[PDB]
Structures are given as C-alpha cells and as structure tokens.
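Residue numbers (PDB author numbering), protein chains in the order written: chain I, 4 to 81; chain 4, 2 to 114; chain h, 1 to 74; chain K, 3 to 167. Okay, structure first, notes after.
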Amino acid sequence: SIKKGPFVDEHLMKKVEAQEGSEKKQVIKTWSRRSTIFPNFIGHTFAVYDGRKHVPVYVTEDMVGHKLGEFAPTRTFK
Amino acid sequence: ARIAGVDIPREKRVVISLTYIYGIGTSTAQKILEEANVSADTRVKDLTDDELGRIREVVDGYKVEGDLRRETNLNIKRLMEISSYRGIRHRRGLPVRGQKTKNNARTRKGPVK
Amino acid sequence: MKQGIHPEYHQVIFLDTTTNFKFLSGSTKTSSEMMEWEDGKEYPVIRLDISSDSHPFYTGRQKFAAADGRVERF
Amino acid sequence: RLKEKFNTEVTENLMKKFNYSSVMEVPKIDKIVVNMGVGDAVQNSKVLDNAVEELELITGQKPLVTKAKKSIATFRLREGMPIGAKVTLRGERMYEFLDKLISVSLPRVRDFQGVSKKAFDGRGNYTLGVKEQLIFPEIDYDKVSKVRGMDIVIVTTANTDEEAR
RNA sequence: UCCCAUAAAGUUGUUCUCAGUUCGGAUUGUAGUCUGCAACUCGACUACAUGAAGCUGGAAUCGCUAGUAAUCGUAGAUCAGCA
RNA sequence: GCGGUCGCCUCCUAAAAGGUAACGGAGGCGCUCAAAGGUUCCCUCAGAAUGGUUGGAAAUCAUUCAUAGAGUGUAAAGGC
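Right under this line is the structure:
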C-alpha cells in the first residue's frame, strides 16, 4: 500500500470521535469494509459483515498495517 | 559447513550456493559479499581459515537474521491468528495460495492427486 | 586401573576469540599451533569454540518483528 | 578442569548450601548414567554405537528394554549403553555445557523433578556438537537420567549454577 | 520517418562437473512497481529469492516441404493493475 | 454297537504317616545340551512412577518403594 492519507473516514470517524465521549462503546454498525484506523481505538466490536446482523471483531492490538476488517468472519470450509 | 548449520557440497563456488539454509541463499549470498576479500573460489574445501571468521562475524553482526528470522514466518502468523490472513484465512482454513487455491494443479499445500 | 574399554583420550589446548576458555578433557586430533605452559606443551590443535564468544543465556540481543507502527505518521 | 570444576565452585557452597551437622551430610554431586537410545531395531541401533566413543567412555554394552510393553520389546540391541559415571568418567559428556550450542529450550521448566532421579535431555542435536554433522546428522536418541544431591527441587535449585538450567 | 532501442536468440559466452545438487520462483514464508468510492476467503506474476514440481514418458499427450513453428519477441486494441 | 481311549511323568479328589476307586476335574513326555556338564571366583527378583530422536500408556539406562508377587531349556508340584 501507500503512505500519505490512510483514508480515515469523514462520517465514520466523526461518529467515533464524537461518539467516543465516554467509555460507552458504539463502534461501527456500518456493514462497510472500507474504513481506516487511528491509534485511538477504544474497547468495542465492529460489524464487519452483512448477513442479517452485525459482527463483533478484534479490538486490541490487532493487525497493524491494514485499513479494513481483515479478521471478520463471513465463511470457512463449509 | 560453518556459516549456518552445515553446507557440505564441493567443486562449486561458495558465493551463492548458500540457498539451502533458510531466509537467504545464492542470490543474496552472492549479493551480500560486502566484506574484506570474500569471493567465490570454486574450491569450497580450500583457501579458507580466518576469512570465514570475519565474513561470519558479519553474519552474526548482520542483524538481519536469515535462519534466526525463520520464525518471522511463524510470528507474523501468530499476529494473524484471528482469522485474518496468512495464519487464520490461509492456515486455519486449510486453503491454497495464488488466490487460485484450486483451478490449476497444487502439490505443496495439497500434496494428494 | 582396569583397562579394556575406552581407547586413547586426554586433555588438549584450545584458544577462542575471547578468553580462550576450552581446555578440559578431550579426544581431539589435529595439527599443533604453538605450545605453552599455562596450557599444553604438546600438539595444541583443539581449534576454537563458542565457549566464551557470546552466550544467549545471560545476555541480550535484538528483538522481534515490530509494534503497532501506525503511530509515527504511518 | 571439569572434574575440578566439580570442585572449583562447589566445595564452599556444598559446604554451606544446607547447614547440616557435619561436612558429609552436606553432599556432593550425584553420579550420572550417560545412556543413549534408538528408534530403529536394526541399523540405526546397530550403527549408533560410536556416539558414546564420542561422548561416554563405555565401548558399548548390549542392554535391551525390560518393561517392554506391546511394541517396545526387543532383544540384545545396543539402544541403551550403561555408561553410568562411576568415578573416572563420572565427569562425562554430561557436565560439558555444550547444551548452549543450540540456543533453544535452555530453561525448559519451573523446576526439575518430584522423583529425585533427574532427567536432562539434549533433545535434538543439542549435544556432541563440537563434531561436525558427518554421520551424526541422522536418527539419534538420548537418555540423560540421574539423581542429584538434594531430596526435592528446593535446595537443588538456587545453587544449581553448575549446569545453569 | 520520427518514442517504446538489451527488443529474444544462432554473435566470445562470466556463473553452478549430475548429490534433487547457485535449474526452480510453486507454498509452510517477508510481499511489493502505481491509476482505484474499500485484497479476510474478492486473480497476478513475482524480487527480498521459500529452492518445490522435476532426469523422456502408460489403460492416459503437443508444430509438420520453408522463416510459419522450435523459444520468446516492440508493445498494447479492451480499458483507472493484469495475457 | 458307534465313538474315544490302552505306556511313562505332576497335582486335586485322598478324611495332618504310607497306601487308596469311577467313561471323576486339569496339564504334559517318545527330548535337548560340547554348552545348558565339572571346578574357582564375581554378581542379583517382580508389580513403581520419574520425563528422556523417539515416545506406540509400553523404543533406554539409572534412582529409590522394591519381599520372591521374579527367574529357572521343556507341564505341574516340592524347593532355592
């Protein structure tokens, strides 16, 4: 990938930083797999799936070079 | 024989014939010849007493590891074992690589045809 | 002494990069360098070891892959 | 060297590590039983006979499995040579500190043994390594099991600086 | 005409005397040229070279009387990646 | 009648000496060994777990709990 503008979302990270007032964790709900991340991620899921819900995801010191939901299940073997 | 583990063969040139031992081999071996008088001699069992000492003290001072970093494979897998990639979505899911897991032939991950 | 088991083997001489610390019992044959009285006055050709060059044991070295990294401008 | 290194550090500690009554209740090093093994019943066992000429002092006896359950049992093969340290070789390939010539699994455990008979296994190619891998780069099993001069792990432990593991 | 100009070989052929051996670019690896509103299962081939498939071929397979093909070949029509 | 047995060795029945029957209940023998024979030395059993390429819970030598619960060329008792 490239440097220079990791693509922190405007709407999404607005929803974060202004919904990151307290410890109350409302993370994404976004059913969207396009974000990009800061060091200030504070304990919460994501929803990095769109089947009929919203999927909890990795929170602490996860994959560090990525800009999306690299760990989020949708499928496997069968 | 001495640079890492052992490497026996003869009659050939020591410059890149390092390919056996992990991390590095031949290509980098003949491209990392950055020392004081180390070079391919076609006599892998001659001409060498202390030159190996210095051009090995480098390999220990070559903090870029090689064999010692054989485990960066395993440890970058260790980071990914949350079903991400190269360890969970490529090792815990038992799939192939090339992102043609199976449309062509495959022996290394699936050895059974 | 009851002989009829092990062959011929005694002490030898070996000097290292550091401190020259390998002089215990041996069975090692090779060609003499130059002999002493602080150590062998005989074929000195136990060669050289890691015996005192660096241990990993009570020592330090370089670390693993890396940290988060998206903290210094990414 | 080593035989005196079974003295150079230890006579004062092994005269103090305990605070027993007389010098002789306060022990020395317990003797060793340098033993090797095999995982083949024929040729690796028939051709793993010298590595003792390398490490031990015994020419090579031919003891076999005794307890010998369903598929352990065989006869007369030289899988376990009785090269136990009596007094002369009681400074054998054991107290050679060539277990650092691996740089893996130095401190294996929090402790060693609830049975005083300790086992210290150079598993892999940890030991006899000052010899290049000519014929020693094939199948080779070890069996370094012997007791020490301490009833449990406790005082055995924080004076064990001899073999430092 | 005028830019891709070593275009790749037959032109001297550095380099590895038959051990899977300095032949390898497959996976158990590190991943990358730059034009994307976002490579976890959502292609690459790769160099940093992981040294594997391999040593002539079955009940199971490939050009053929001139430059066509053996081998590739300047590139790209198609189109913000790649024959 | 058919079938099966017919000689020699060990134990139980057999009632604390010996002996003692039935188509009563169990096993064996028709050898083997120059050494497994004679003599002088020298040594020591099981069921026990240790954590030791390897582990087949059992591939090893130790260590200690080890009381004959081991081993005797061959079945069984009496013995060591």
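In this text, a Cβ means the ideal position worked out from N, Cα and C, and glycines have one as well.
Cβ of residue i less than 8 Å from any chain h Cβ?
i: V62 (chain I); result: no
i: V19 (chain I); result: no
i: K32 (chain 4); result: no
If you count every other CB in all the chains shown that lies within 10 Å of the CB of residue i, and 16 or more means buried, which is it?
i: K22 (chain h); result: buried
i: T158 (chain K); result: buried
i: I85 (chain K); result: buried
i: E6 (chain K); result: exposed
i: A75 (chain I); result: buried
i: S51 (chain h); result: buried
i: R3 (chain 4); result: exposed
i: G60 (chain h); result: exposed
i: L59 (chain K); result: buried
i: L24 (chain h); result: buried
Beta-carbon within less than 6 Å of residue i's beta-carbon, same chain only, minus the 5 sequence neighbours each way: which residues are those?
i: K17 (chain I); result: none
i: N46 (chain K); result: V40 and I141
i: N161 (chain K); result: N15 and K19
i: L48 (chain 4); result: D42
i: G26 (chain 4); result: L19 and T20
i: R70 (chain 4); result: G24
Kindly say whether residue i, judged by its beta-carbon, lies nearer than 8 Å to any beta-carbon of chain K.
i: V60 (chain 4); result: no
i: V7 (chain 4); result: yes
i: residue 114 (chain h); result: Residue 114 (chain h) is absent from the model: chain h starts at 1 and stops at 74.
i: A106 (chain 4); result: no
Do the CB positions of residue i and residue j come within less than 8 Å of each other?
i: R55 (chain 4); j: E35 (chain 4); result: no
i: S107 (chain K); j: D153 (chain K); result: no
i: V146 (chain K); j: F122 (chain K); result: yes
i: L103 (chain K); j: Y128 (chain K); result: yes
i: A70 (chain K); j: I34 (chain K); result: no
i: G69 (chain h); j: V67 (chain I); result: yes
i: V49 (chain K); j: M83 (chain K); result: no
i: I83 (chain 4); j: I89 (chain 4); result: yes
i: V12 (chain K); j: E165 (chain K); result: no
i: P10 (chain 4); j: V45 (chain 4); result: yes
i: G67 (chain 4); j: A106 (chain 4); result: no
i: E52 (chain 4); j: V39 (chain 4); result: yes
i: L4 (chain K); j: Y143 (chain K); result: no
i: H47 (chain I); j: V30 (chain I); result: yes
i: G93 (chain K); j: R80 (chain K); result: no
i: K120 (chain K); j: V89 (chain K); result: no
i: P9 (chain I); j: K56 (chain I); result: no
i: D8 (chain 4); j: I22 (chain 4); result: yes
With 8 Å as the threshold, decide whether the Cβ of residue i is near any Cβ in chain I.
i: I22 (chain 4); result: no
i: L53 (chain 4); result: no
i: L95 (chain 4); result: yes
i: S84 (chain 4); result: yes
i: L80 (chain 4); result: yes
Kindly indicate the opening and closing residues of the alpha helix (DSSP H) around residue i.
i: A121 (chain K); result: Segment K119 to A121 is the beta strand (DSSP E) holding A121 (chain K); no alpha helix (DSSP H) there.
i: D61 (chain 4); result: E52 to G62
i: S47 (chain K); result: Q45 to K48
i: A21 (chain I); result: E13 to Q22
i: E6 (chain K); result: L4 to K7
i: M81 (chain 4); result: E72 to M81
i: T13 (chain K); result: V12 to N15
i: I156 (chain K); result: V155 to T159
Where does the unbroken beta strand (DSSP E) through residue i begin, and where does it stop?
i: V54 (chain K); result: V54 (chain K) -> not in any beta strand (DSSP E); alpha helix (DSSP H) instead, spanning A53 to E56.
i: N37 (chain K); result: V35 to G39
i: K145 (chain K); result: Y143 to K145
Under 7 Å Cβ to Cβ from residue i, same chain only, skipping five residues before and after it: list those, please.
i: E56 (chain K); result: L130 and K133
i: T77 (chain I); result: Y52
i: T28 (chain h); result: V12 and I46
i: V11 (chain I); result: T39 and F41
i: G72 (chain I); result: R36, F49, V51 and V60
i: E23 (chain I); result: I45
Is the shortest distance between the beta-carbon of residue i and the beta-carbons of chain 4 less than 8 Å?
i: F64 (chain h); result: yes
i: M66 (chain I); result: yes
i: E11 (chain K); result: no
i: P76 (chain I); result: yes
i: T79 (chain I); result: yes
i: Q135 (chain K); result: yes
Leaving aside the five residues before and after residue i along the sequence, list all residues of the same chain whose C-beta is less than 8 Å from its C-beta, in chain order.
i: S31 (chain h); result: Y43 and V45
i: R167 (chain K); result: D101, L108, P109, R110 and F122
i: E27 (chain K); result: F20
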